[PDB]
Structure formats: C-alpha cells, structure tokens
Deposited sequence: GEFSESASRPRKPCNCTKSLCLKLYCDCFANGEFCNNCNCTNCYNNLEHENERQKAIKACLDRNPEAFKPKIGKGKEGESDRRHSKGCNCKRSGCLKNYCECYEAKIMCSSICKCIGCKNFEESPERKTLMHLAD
C-alpha cells in the first residue's frame, strides 16, 4: 500500500515493510530492489533466511521494547497499531496504557 524507500536492504529484509508484509514492491521508492519478479532466486533465498531466523515471520497478519518514546509516538509498534501495551511489552517509561493521562491528552 504505502511506498517503501529502502536503499541498503534491497527490500529483502524485514526492515522493508513491503517485504515484511509478504508483498512484491509496487510503485515504491526503493533503490536496488530485489523484491520483485526479476530477482526471484535471490528473493527466495532471503525469504528462507528470514524464516529460519523466525518461523513466524510471514505468519498471517509480540510487544515493544521502547525506551525513549513513552510509547506515545509511532516509533512504538503498539502505539502505531493504535492499541495498548501489554504484559509482554518490555517498555520503559510506558505511558501507553488505558488510564494514562498523557495518552488521553494526546488522544484529543
């Protein structure tokens, strides 16, 4: 959906949101893109290396480790997904919980 602007990763790593969502890049702004039909062999390699690192990498779709955002900035994957942090999050200084004032203020 939204264009990636990768240069260094070739869009063959999870730093690339297009590749992380199991898509070919389309109309993106990436450089040296391998996330496409023209690089099928090398792309397949990246996929399996990506997968044996974590077998759930491309599972149909746990917790943040934010230090400085307070989890009220879109650096927090919880906040970006517009959901609350949970017990599994290893946040520090988390202000992204139900009864949080700052969260409520930033909500309006």
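Against the full deposited sequence, the model leaves out several stretches, namely 1-10, 72-85, 133-135.
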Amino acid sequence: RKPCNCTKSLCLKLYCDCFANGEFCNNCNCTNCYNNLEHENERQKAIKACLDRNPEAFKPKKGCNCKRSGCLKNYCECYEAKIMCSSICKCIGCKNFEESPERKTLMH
From here on, numbers count along this sequence of modelled residues.
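As the entry records it, the average C-alpha temperature factor is higher for 51-59, out of 28-36 and 51-59. Averaged over CA atoms, B-factors in the entry run higher in 39-47 than in the other of 39-47 and 69-77. The entry lists a Cα temperature factor for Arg103 that places it in the middle third of the chain's modelled residues. In the PDB entry, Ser86 places in the highest third of its chain by CA B-factor.
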